[PDB]
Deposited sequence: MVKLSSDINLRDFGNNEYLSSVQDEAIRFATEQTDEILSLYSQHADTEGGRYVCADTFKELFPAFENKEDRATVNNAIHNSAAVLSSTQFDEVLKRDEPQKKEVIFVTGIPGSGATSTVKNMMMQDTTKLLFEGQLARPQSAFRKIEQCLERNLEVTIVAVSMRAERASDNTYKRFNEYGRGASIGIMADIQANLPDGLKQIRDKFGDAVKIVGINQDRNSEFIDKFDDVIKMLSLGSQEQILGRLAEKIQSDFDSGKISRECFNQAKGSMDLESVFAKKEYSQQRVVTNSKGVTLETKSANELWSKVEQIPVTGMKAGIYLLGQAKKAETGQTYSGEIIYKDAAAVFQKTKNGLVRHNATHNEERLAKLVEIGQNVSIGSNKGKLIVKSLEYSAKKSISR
């Protein structure tokens, strides 16, 4: 039994560690394919090799043995595990078992409890194969689905769904108990593109592939019709979800809900500064007075309503449109009172108008260096107090 394909290499760059883990995983998966599939079938928690998932195959790689390494090596071993899954998928398909006619594909944003849903499915006598994996980029799944339909098997795809924020909370717990969480990049990519992938499957294969959904934000409600599955899964664009996730994991870290390790694996390879800079404030203003600052948003019909009040002493009366702030040019120094701050931005009143600084600058955290109401200078990262009494 050989691998059903060559394993694709990712580019790890100057990281020699991950680059060598990658080649070790590929060598293991390519040369010991037979003994690996046999251990997976006879000895792992896989229903005799019928539950096929790349994340279960990861546990048979030496680099994944120790809990504290799993977040770091995951990307480096993934493709090897996924091709091992396809090989396994094909070996289950080749077994002559006319009784078993049903193939179930289960997918969802990480932390949506898709794996837990699979574990709570009980194998029936007609169940041939259970595959769990991403269908946001469905090309790989096309090859699997084709083979099912060549053999007259009935295919069902189950889309498990949850808001990114709550799924993110579940990924933290998994990182802490098991050692693997999930990057905000893959979470956003998946939740944004999953509908498109399911669309591409419906348009290639038709009614032949039954597509259903499980909404975990409505107490695991089963959703039967395709059009309704697409509705439930419309939870924002990739930029919107990524932007929201970046703000969450930064606030969660800044307030002490997550360790630095948990924050770094959630960060993944994202430049947070570049996400935070894309955030828009066009319908938002800040009203300052002697009691504090109030963040307000405008509705379509020009009405302002309150979002957040922060108590602060010593500020004068003011109204600042946040969407008209000037971006801070790099290398220049800006002086004056911080009037508002959040996870993504710091707004500063200078002599040349309101200025916006990214809340992170080259992986250093600007927002924690300054308080709302404080007179400061910001340049480059050099922050100085300008506070005095005369």
No C-alpha positions exist for deposited residues 1, 382-385, 396-401
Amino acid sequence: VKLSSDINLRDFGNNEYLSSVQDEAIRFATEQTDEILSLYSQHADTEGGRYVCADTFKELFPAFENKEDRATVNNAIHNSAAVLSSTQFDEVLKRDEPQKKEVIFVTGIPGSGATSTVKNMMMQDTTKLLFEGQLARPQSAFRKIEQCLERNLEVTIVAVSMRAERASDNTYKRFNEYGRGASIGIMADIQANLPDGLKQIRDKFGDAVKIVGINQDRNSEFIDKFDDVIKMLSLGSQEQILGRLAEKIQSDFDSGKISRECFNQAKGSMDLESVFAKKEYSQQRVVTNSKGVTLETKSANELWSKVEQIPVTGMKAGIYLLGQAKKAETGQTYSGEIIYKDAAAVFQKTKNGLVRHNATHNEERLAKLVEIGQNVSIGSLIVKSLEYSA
From here on, numbers count along this sequence of modelled residues.
Higher of the two mean Cα B-factors (342-350, 326-334; per PDB record) comes from 326-334
Higher avg CA temperature factor (354-362 vs 50-58, as deposited) belongs to 354-362
When the entry's CA B-factors for 72, 283, 117, 86 are compared, the highest one belongs to 283
Top Cα B-factor in this entry, restricted to 186, 158, 148, 121, sits on 121
Binned into thirds over the chain's modelled residues, the C-alpha B-factor of residue 179 lands in the middle
Quick tally, chain-level thirds of C-alpha B-factors: residue 256 sits in the highest
Split the chain's modelled residues into thirds by Cα B-factor; residue 19 lands in the lowest
Chain-relative C-alpha B factor for residue 201 (record values, thirds): the middle
Of the three thirds of the chain ranked by Cα temperature factor, residue 33 occupies the lowest
